[PDB]
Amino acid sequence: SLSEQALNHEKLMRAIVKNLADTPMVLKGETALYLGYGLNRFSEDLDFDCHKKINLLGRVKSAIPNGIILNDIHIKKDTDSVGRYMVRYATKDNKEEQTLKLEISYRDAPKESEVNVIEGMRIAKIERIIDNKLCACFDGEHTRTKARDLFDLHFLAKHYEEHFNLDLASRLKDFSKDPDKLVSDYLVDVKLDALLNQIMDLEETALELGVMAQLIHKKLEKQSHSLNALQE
């Protein structure tokens, strides 16, 4: 769009992720879609998988780009299974303190062969992002109700349909079968979410996703039925 505040935020996020390209850290989730795959809404948090501990504090400080001032890094959590940091910073454009949230999950880690590199950044593959989005908003242990999940899944079905398999498509179809329910579930969150409220038509998105999920699932079935006949 994009505000000057957002621009400095993106610049700090990019420097950090690029700094970690020689570590086993893998960017996932929403900001992976934004920095790596062309997501058309902004994203502000950094989320990683990593199979072992690293010098996070050191890499972050050595990543700080010109124009950004690092005030403090607060370690909310550093355990065997999770890392959670609040990177507090200001800019030359503004001395008002901003926060970058950085989270890491350990032994979630993708195999090294499940990692992409995009513009010098280690990022999760699309199918893993899809799988994790569906878990979080539809069929995981602890689901949630955040309109971003709908926006992102719609973005994924629309622009990356070739990365869905039968299982992902089937779940996406299940999730999106009742477009009215989706509107009911998300309308409040959409209007309150400043990353969405000016760009998202919730009704259109809900309708369009339900139908795309049908198509994707249908194509994959026809592909399967066709493959079998050919195999004989």
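Residue positions are given as counts along the sequence shown, with the first one as 1.
Q: As stated in the PDB record, which stretch has the larger average Cα B-factor, 51-59 or 36-44?
A: Taking the mean C-alpha B-factor of 51-59 and of 36-44, the larger value falls to 51-59.
Q: If you average the Cα B factors in the entry, which is higher, 152-160 or 138-146?
A: Looking at the record's C-alpha B-factors, the answer is 138-146.
Q: Residue 111's Cα B-factor: lowest, middle or highest third of the chain?
A: For residue 111, whose C-alpha B-factor we compare with every modelled residue in the chain, the answer is the highest third.
Q: Is residue 133 in the lowest, middle or highest third of its chain when residues are ranked by C-alpha B-factor?
A: Its C-alpha B-factor belongs to the lowest third of this chain's values.
Q: Could you say whether, by C-alpha temperature factor, residue 95 belongs to the lowest, middle or highest third of its chain?
A: For residue 95, the deposited C-alpha B-factor lands in the highest third.
Q: What third of its chain's C-alpha B-factors does residue 69 belong to: lowest, middle or highest?
A: CA B-factor rank for residue 69: highest third.
Q: Would you please rank residue 28 by its C-alpha temperature factor against the other modelled residues of its chain and give the third it falls in: lowest, middle or highest?
A: It belongs to the lowest third of the chain when residues are ordered by C-alpha B-factor.
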